[PDB]
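Participant: Residue numbers (the deposited numbering): 3244 to 3437.
Here you go:
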């Protein structure tokens, strides 16, 4: 009778612990659903960036390849994507060689800034946050040859700010979803033990 009273006290404590773990799991599941909405926003923003990538004309790329003395606005617009791939050269005679090469088109197709280094991106942020060319009005006025590709560059830098935010949010979600599932399994195991 004393051993059964001690086991009954241990069972009531484990019952209260199992209730607290079930409430903690429900709070974790609510936090997981809130970061899931953030993850859905980031996935549509990535999809919009991919749609901007698809919005490329083959003719518009070679207008840049056939341009020998361009407006200074479109010259800076290609300097935006020059160092994105990692070319520090700024002369137009020398930078038209990367534009001229055929490696230039498929690299724009599969491109991701998730793999792009933070340090080079920081250089892409510092230089291009001062640009009149970054303003979608200067490029459009200068040419519609640089309109869509510059629109893709703008999308990508906005995507990188959204991404500092996204790596934090997704890290939170992986932790929140994993903690919610582990808390639910633990809640089931403790309810079975109770």
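No residue lacks a Cβ here, since even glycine has one placed at the ideal position from N, Cα and C.
Fully enclosed by the region 3313 to 3377, which alpha helix (DSSP H) runs are 4 residues long or longer?
Facilitator: Whole alpha helix (DSSP H) segments, 4+ residues: 3315 to 3328, 3335 to 3343, 3347 to 3352, 3361 to 3371.
Participant: Which one of 3357, 3414, 3423 has the shortest CA to CA distance from residue 3403?
Facilitator: Comparing Cα positions, the closest option is 3357.
Participant: What's the call for residue 3319, buried or exposed, on a 16-neighbour Cβ count within 10 Å?
Facilitator: Residue 3319 is buried by the Cβ-count criterion.
Participant: Whole-angstrom Cβ separation of residue 3272 and residue 3423, contact assumed at under 8 angstroms?
Facilitator: At roughly 5 angstroms, the Cβ-Cβ gap stays under 8 angstroms, so residue 3272 and residue 3423 are in contact.
Participant: Give the single residue among 3367, 3283, 3399 whose Cα lies nearest to the Cα of residue 3329.
Facilitator: Nearest of 3367, 3283, 3399 to residue 3329, Cα basis: 3367.
Participant: Rounded to the nearest angstrom, what separates residue 3371 and residue 3323 at their Cα positions?
Facilitator: Between residue 3371 and residue 3323, the C-alpha separation is close to 7 angstroms.
Participant: Cα separation between residue 3343 and residue 3305?
Facilitator: Using only the alpha carbons, I get a separation of about 8 angstroms.
Participant: Mind checking whether residue 3317 and residue 3389 have CB atoms under 9 angstroms apart?
Facilitator: For residue 3317 and residue 3389, yes; Cβs fall inside 9 angstroms.
Participant: Quick one: is residue 3406 buried, meaning 16 or more other Cβ sit within 10 Å of its Cβ, or exposed?
Facilitator: By the 10 Å Cβ count, residue 3406 comes out buried.
Participant: Alpha carbons only, please: which of 3408, 3244, 3310, 3375 is nearest the one belonging to residue 3281?
Facilitator: Measuring from the Cα of residue 3281, the nearest candidate turns out to be 3408.
Participant: DSSP three-state label for residue 3278, please.
Facilitator: Three-state DSSP puts residue 3278 in a helix.
Participant: Helix, strand or coil: which one does DSSP assign to residue 3437?
Facilitator: Coil at residue 3437, not helix or strand.
Participant: When you compare only the Cα positions, how much space is there between residue 3257 and residue 3251?
Facilitator: If I take the Cα positions, the gap works out to 10 angstroms.
Participant: Under the assumption that residue 3359 contacts residue 3326 (Cβ atoms under 8 angstroms), give the Cβ distance between them as a whole number of angstroms.
Facilitator: Contact doesn't hold; Cβ gap of about 11 angstroms is too wide.
Participant: Does the beta-carbon of residue 3414 have 16 or more other beta-carbons within 10 angstroms, so that it is buried, or is it exposed?
Facilitator: The residue is exposed, with fewer than 16 neighbouring Cβ atoms inside 10 Å.
Participant: Note down, in chain order, each residue of its chain lying with its Cβ closer than 6 angstroms to the Cβ of residue 3427, except the 5 sequence neighbours on either side.
Facilitator: Only 3268 meet the Cβ criterion.
Participant: Alpha carbons only, please: which of 3315, 3434, 3301, 3399 is nearest the one belonging to residue 3349?
Facilitator: Comparing Cα positions, the closest option is 3301.
Participant: Do the CB positions of residue 3184 and residue 3314 come within less than 9 angstroms of each other?
Facilitator: Residue 3184 cannot be examined here, being either before or after the span of the chain that is shown, 3244 to 3437.
Participant: According to DSSP, simplified to helix, strand and coil, what is residue 3388?
Facilitator: Residue 3388 falls in the coil class under three-state DSSP.
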